[PDB]
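A.B. asks: An experimental structure, sequence included, is below.
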Amino acid sequence: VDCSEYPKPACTXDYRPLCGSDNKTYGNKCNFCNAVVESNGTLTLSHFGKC
């Protein structure tokens, strides 16, 4: 989880899915990292690809 450059005000609409510890499939690293910050450290990366 290298989200050091977050959060970011917007994310591009490529699709490179990541499966979060919340069992949500995030569209790409940008969407996943912004969610990690908003979660106050509770969200982590389960695995690459869709859940």
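C.D. replies: It's in. Residues are numbered from 1 along each chain as shown.

A.B. asks: Now stretch 12-23: buried residues?
C.D. replies: 18, 19, 20 (16 or more other Cβ atoms under 10 Å). From N, CA and C alone the C-beta is placed, and that goes for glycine too.

A.B. asks: Could you look up the SS state of the second one?
C.D. replies: In this case it means residue 19. Judged by DSSP: H, G, I helix; E, B strand; the rest coil, the three-state class of residue 19 is strand.

A.B. asks: So for residue 47, what's the nearest residue that isn't a sequence neighbour?
C.D. replies: residue 19 (5.1 Å; Cβ to Cβ, 6 or more residues apart in numbering).

A.B. asks: Take the buried residues of stretch 12-23 and lay them out in CSV including distance to residue 9.
C.D. replies: Listed next are the buried residues of stretch 12-23 as CSV, based on distance: Cβ to Cβ, whole Å:
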residue, distance to residue 9
18, 20
19, 24
20, 21
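
A.B. asks: neighbouring contacts of stretch 22-39?
C.D. replies: 1, 3, 5-8, 11-20, 43-46, 50-51 (Cβ atoms under 8 Å, 6 or more residues apart in numbering).

A.B. asks: Please save the CA atoms from it in CSV.
C.D. replies: The C-alpha trace of stretch 22-39 is given here as CSV (Å, rounded to 0.1, in the frame of the first residue of the first chain):
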residue,chain,number,x,y,z
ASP,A,22,-13.9,-4.2,3.1
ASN,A,23,-14.6,-6.5,0.2
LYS,A,24,-15.2,-3.6,-2.1
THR,A,25,-13.6,-3.6,-5.5
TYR,A,26,-11.9,-0.2,-6.0
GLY,A,27,-11.6,1.1,-9.6
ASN,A,28,-7.9,1.8,-9.4
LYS,A,29,-5.1,2.7,-7.0
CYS,A,30,-6.2,6.4,-6.9
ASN,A,31,-9.7,5.5,-5.7
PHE,A,32,-8.3,2.9,-3.3
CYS,A,33,-5.7,5.3,-1.7
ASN,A,34,-8.2,8.1,-1.3
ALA,A,35,-10.5,5.6,0.5
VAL,A,36,-7.5,4.5,2.7
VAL,A,37,-7.0,8.0,3.9
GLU,A,38,-10.7,8.6,4.5
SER,A,39,-10.9,5.5,6.5
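
A.B. asks: Fine, thanks again, bye for now.
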